[PDB]
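Quick heads-up: the C-alpha cells below are two forms of one chain, split into structure 1 and structure 2.
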Structure 1
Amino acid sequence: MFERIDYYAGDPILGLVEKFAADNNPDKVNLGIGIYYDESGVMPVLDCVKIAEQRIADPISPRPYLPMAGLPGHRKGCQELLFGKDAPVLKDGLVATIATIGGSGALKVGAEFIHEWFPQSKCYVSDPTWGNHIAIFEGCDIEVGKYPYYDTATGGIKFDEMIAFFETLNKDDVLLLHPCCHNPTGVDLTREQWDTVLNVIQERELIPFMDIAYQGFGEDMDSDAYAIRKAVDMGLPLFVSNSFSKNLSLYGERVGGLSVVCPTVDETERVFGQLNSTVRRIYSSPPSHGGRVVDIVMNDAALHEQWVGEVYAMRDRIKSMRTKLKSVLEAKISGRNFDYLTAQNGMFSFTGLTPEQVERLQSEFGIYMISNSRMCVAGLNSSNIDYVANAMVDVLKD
C-alpha cells in the first residue's frame, strides 16, 4: 500500500535531538537546537510562568474551546510586544492578530492565507535561513526562492546583492525577513540597512513577512522590533509571525502570534475574518493552557516586568559565553579571526565549519552543531567551554 512513501531522513535540527540523547560520550555537548539552557545546562522554568501556572491550577477550570483567534489577552500581548504599548497602529485598529501554534503555526497560517488570496505571489527566504521556513511555505504549494544574504568571505551581509535581487521581484512577492537575531547566522541588518531595505520593499510593492522568535535576545525588546515598527510607520503591508517558545522558555506549550498590518479598519476586518477561516480548517482553535500563560504574564504589569528581566538575564548569559569562547579560541589559535563570535547576535553563531568538520565534532567529541555550522551559544557554559574550544581547535587544524 505504502511502498511509494519515502523514508523521512528526519529534520537537520530535530534529527539531532534523539541522537544527542542516545550518545554515550560522557563529555557530549548539545549546541544544536536553539534552546536556552542556564549556567548549569538546565532549561529554566521562568518565575513569571511558574506564578501564571499556579493561577491556572487554582482553580482547575472548565476547558471550553478558545476563539479561533485565541484569547484576546494573548493577541493583545503579542501586539504590544511587537508594535509597542498603545502604539498608534493598535489605537487605530489596523492590526489583525491571532494566537498561533508557536511561530511555526503562525508561518503556516500566514502561508495558507497568502496561497489562497495571493496565489501568484512567490516567497523568498534568506540564504541561508531556518530550513523549516522553506518546508512550511513549499508545503502550501507556494514557490520559494532565496535572496542573497550571508557572505562566507566577509562574515557580513551581501547587502548590495540582496537589494539588487529585491529590485528584480514582482508586486506582491513575499520576503521572509528576520528583524533580529538571524537564524542561522546571527548576522543582522543595521538600522540604516533596514531603512534602505524597507524603502526598496515599498517602491517594488513587495510584502514583508517578518518572523521574530528571539525578541529580547538581541539588544532589548524595543530595539529588536525596530524593523517591525519602521515597516508600520512606512505604511507597508506587513505580516509578522512571533514566537514565545524561547523568550518564555515555553517551547512545548506552542505559543506564538500572527499579525497583519492593514491600511483601513475594513481591511483589518476582512483579513482578521480570513485568518479565523484559515485557522478553522487547520486546527480549529489554539491550546488553552499556553494561551492562558501568555495572557496572564503579558497583561500583568508585575509579571511582564519580571519576564523582561528574565529574558535580559538569558541575553546577558549568552553574551558572556560569546566573549569567553572568543578569548579562549583567540589564545589557542594565534592570529586567526574569531570576531564573529561577539559580532553575531541572539542564540546562534555561524562557525563556518564544513559539514565534514561538523560531522567530526559529533563523531569524535559528541559535540552537536547543525550541519550548516550553526552553534547554539546557550549550550555553552563554564563546564564545557574549554572542551568545546579544544575540539574546535582540533577540527580546524586541517
Structure 2
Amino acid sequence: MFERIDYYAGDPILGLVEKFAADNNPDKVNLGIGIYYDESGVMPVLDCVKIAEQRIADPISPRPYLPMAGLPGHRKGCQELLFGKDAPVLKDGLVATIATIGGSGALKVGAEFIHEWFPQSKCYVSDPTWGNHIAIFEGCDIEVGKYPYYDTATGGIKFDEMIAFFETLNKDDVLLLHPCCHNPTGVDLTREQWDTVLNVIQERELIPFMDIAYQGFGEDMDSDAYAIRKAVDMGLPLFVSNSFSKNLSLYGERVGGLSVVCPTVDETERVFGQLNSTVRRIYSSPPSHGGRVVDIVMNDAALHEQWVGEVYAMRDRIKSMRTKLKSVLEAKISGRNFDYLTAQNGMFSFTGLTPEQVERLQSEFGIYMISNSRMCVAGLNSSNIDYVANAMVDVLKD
C-alpha cells in the first residue's frame, strides 16, 4: 500500500542533533542549533514570562477557541514591536497582523497567500539561507531560487552580485530577507546597504518578505527592525514574519506573528480577511496558552520593560562570547584575522571552517556545528568556551 512513500532524511539540523544525542563522548558540546542558553548551558525561563504564566494559572480558566487571528493583544504586541509604539503606519492602520504558530507558521500563512494570489511570483532566498525557508515556500508550490549574499573570500556580503541579481527579477518576485541576525551566516546588511536593496525593490517593483526571528539579538529591538521601519516609510508593501521563540524563550508554545503592510486601509481590510481564510484551512486557530503569554507580556508596561531588559542581557552574553572566542584565537593563531566573529550579529557565526574542518571538530572533540560552518554562539559559556576555542585552533593549525 505505502510502497511509494519515501523515507525522510530528517530536518538537516535535527539530523545533526540526533547524532549528538545518541553520541556518548564525555566532552561533547552542541553548537548546531538555534537555541539560546545561559551560562549554565540551560534554556532560561524568562522572568516576565514566568509572571505571565502565573497570571494564567490564577485561576485556570475555560479554554475557548482564540480568534483565528489570535488575540488582539498578541496582534498589537507584534505590530508595536516591529514598527514602533504608536508608529504612523499603525496609526494609519495599514498593517494586517495575525498571531501565528511561531515564525514557521507566519512564513507558511504568508507563503500560501502568495502562492494563491500571485501564482506567477517566484521566491528568492539568500545564499546561503536557513533550511526551512526553502522547504516552507516549496511546500506551497512556489518556485524557489537563490540570490547571492555571502562572499566566501571576503567573509562579507557579495553586494555587487546581489543587487545585480535583483535587477534581473520580474514584477512581483518575492525576496526573502533577514532584517538582522543572518541565519546561518551572522553577516548582516549595513543600514546604507538596506537603503540600496530597498530602492531597487521599489524600482524593480519587487515584493519584500522579511523574516525576523531574532529581534533584540542583533543590536536591540528598535535597531534590529530598521529594514522593516524603512521599507514602511518608503511606502512599500511588505510581509513581516516574526518569531518570539528565541527572544521570548518560548520555542515550545509556538508564538509569532505575520504582518502585511498595505497601501490602503481598505486593502488591509481585504488582506486581513484572506489571512483568516488561509488560517481556517490550515489549523483553524492559534494556541491559547502561547497567545496569552505574549498578550500579557507585550501589554503590561512593566513586564514589557522587564522583557526588553532580559533580551538585552541574552544579547549581551552572546556579544561577550563572540569577544572571548576572538581573544583566544587571535592569541594562539598569529596568522588569520577573526574580526568577522565579532562583526557578525545575533545567534549565528559562520566560523569559516571548511566542511572537512567541521568534521574534525566532531570526531575528535564532540563539537557539533553545521557543514556550512554555522555555529550558535549562544551554545558557548565560560565553562566550555575554553575547550571549543582551543579545538578550533588545533583544527585551524591541523
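Sequence positions of structure 1, starting at 1, serve as the residue numbers. Just so we're on the same page, rigid core means the largest C-alpha set that superposes within 1.5 Å between forms.
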| query | finding |
| --- | --- |
| Rigid core superposition, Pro355 Cα moves 2 angstroms or more between structure 1 and structure 2 | yes |
| Core superposition between structure 1 and structure 2, C-alpha change of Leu16 at least 2 Å | yes |
| Angstrom shift of the Cα atom of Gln215 between structure 1 and structure 2 (superposition on rigid core) | 0.4 |
| Backbone CA shift between structure 1 and structure 2, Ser383, after core fitting (angstrom) | 1.0 |
